[PDB]
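Form deposited in one PDB entry, single chain, as structure tokens, below.
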């Protein structure tokens, strides 16, 4: 019956400029208007919800109620043929296709190359008397990603990271189409990446077909009419995998490096765990599955510092939640970082405690959708198990060979956009 409280502000524009400029935008309007507040963003009316009951609603009867929604600049720079921007039955089809790159045994098989790249970066970081971490994790993740998705020779194309960086920086920028803008820069970085992605694909097309990585899996894939994915699609899809893992996983690793830096007890607890095993050079996918305490740590890392703040959906049906009215063609924004800061769901919600996830912990006795670092439902992270594998293999190889000290004085407060990151971007020494 009734619509949520809150200011629509100006016609079309709404509170768009406040959204774009104001850090505690959602906090100010949650406090005035309570837990469910309306607003207006870029010509759409928008409801902000949060916490377990709102998540269940979003991830419930999902198909007929909610569809993905992106800003104009993002639609354009991602393109019309990416998982993120595809809809209904095409999204249903492409999600099954791409999950082939992420099966538990395709994941296992990624461990060598992945291990070599983490081992590689680990030497280089040791010999430095200081390491500025955030930008260095960025390069390492991109290297794992581009190696596992397209082959080692593709990742030693040195034009790729700089272009990709410039591509990302303008994904959520204003769509102002002059060459000297974040968006015009992204546009040109996109064209450069696409022309490179083509060469890589056409060259792989010319070889004995294999389904050992993501690019081969994509080539062998068939749509619902039994047709190969077209060439623009292959390209968008690979860019999407790159975009979707980049900031997120970099943020996750930074946060772990941060939190076990400032918590040497938990790091020794994680070290103890790996000593009770047979700590040889070799590291199996199976030995990694014998690490329940590190699993807790990574659970906790992701709840305290969630890499994806939240998300948006658009109502395709008039519907209702908590008695409030949620009208067709308005938008809904859910709030991962809010859910993860809620005091009921997490007591002392600002302390780092891996015990919350022990068999009878605080977070074990919580209702569905209380821990949502990967979202949920139809759009839940397609790369969460890949993400979990790299977080874990890294955490292991780090702790195995290194203690580490942050440096005093540095501002390690977090910038929330686009992904949480210490302001001095985490400077460090390895022991």
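Each form is matched to the other, and the largest set of C-alpha atoms that superpose within 1.5 Å is called the rigid core. Positions refer to the first chain, counted from 1.
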With reference to the PDB entry, specify whether the mean Cα temperature factor is higher for 99-107 or for 171-179.
-> 99-107
Of the two stretches 316-324 and 140-148, which shows the higher Cα B-factor on average in the entry?
-> 316-324
Check the PDB entry and point out which of 166, 251, 155, 73 has the largest C-alpha temperature factor.
-> 155
Residue, from 233, 247, 286, 196, that the PDB entry assigns the highest Cα B-factor | 286
Divide the modelled residues of the chain into thirds by Cα B-factor and specify which third, lowest, middle or highest, holds residue 82.
-> lowest
How does residue 339 rank on Cα B-factor within its chain, lowest, middle or highest third?
-> middle
Would the CA B-factor of residue 43 place it in the lowest, middle or highest third of its chain?
-> middle
C-alpha B factor of residue 369, ranked within the chain: lowest, middle or highest third?
-> middle
Here the Cα B-factor of residue 387, set against its chain, lands in the third termed lowest
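There is also a form deposited in another entry; it is not shown, and the following applies to it.
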Pick out the one residue among 54, 41, 387, 399 whose C-alpha shifts by 2 Å or more between this form and the one not shown, once the rigid core is superposed.
-> 41
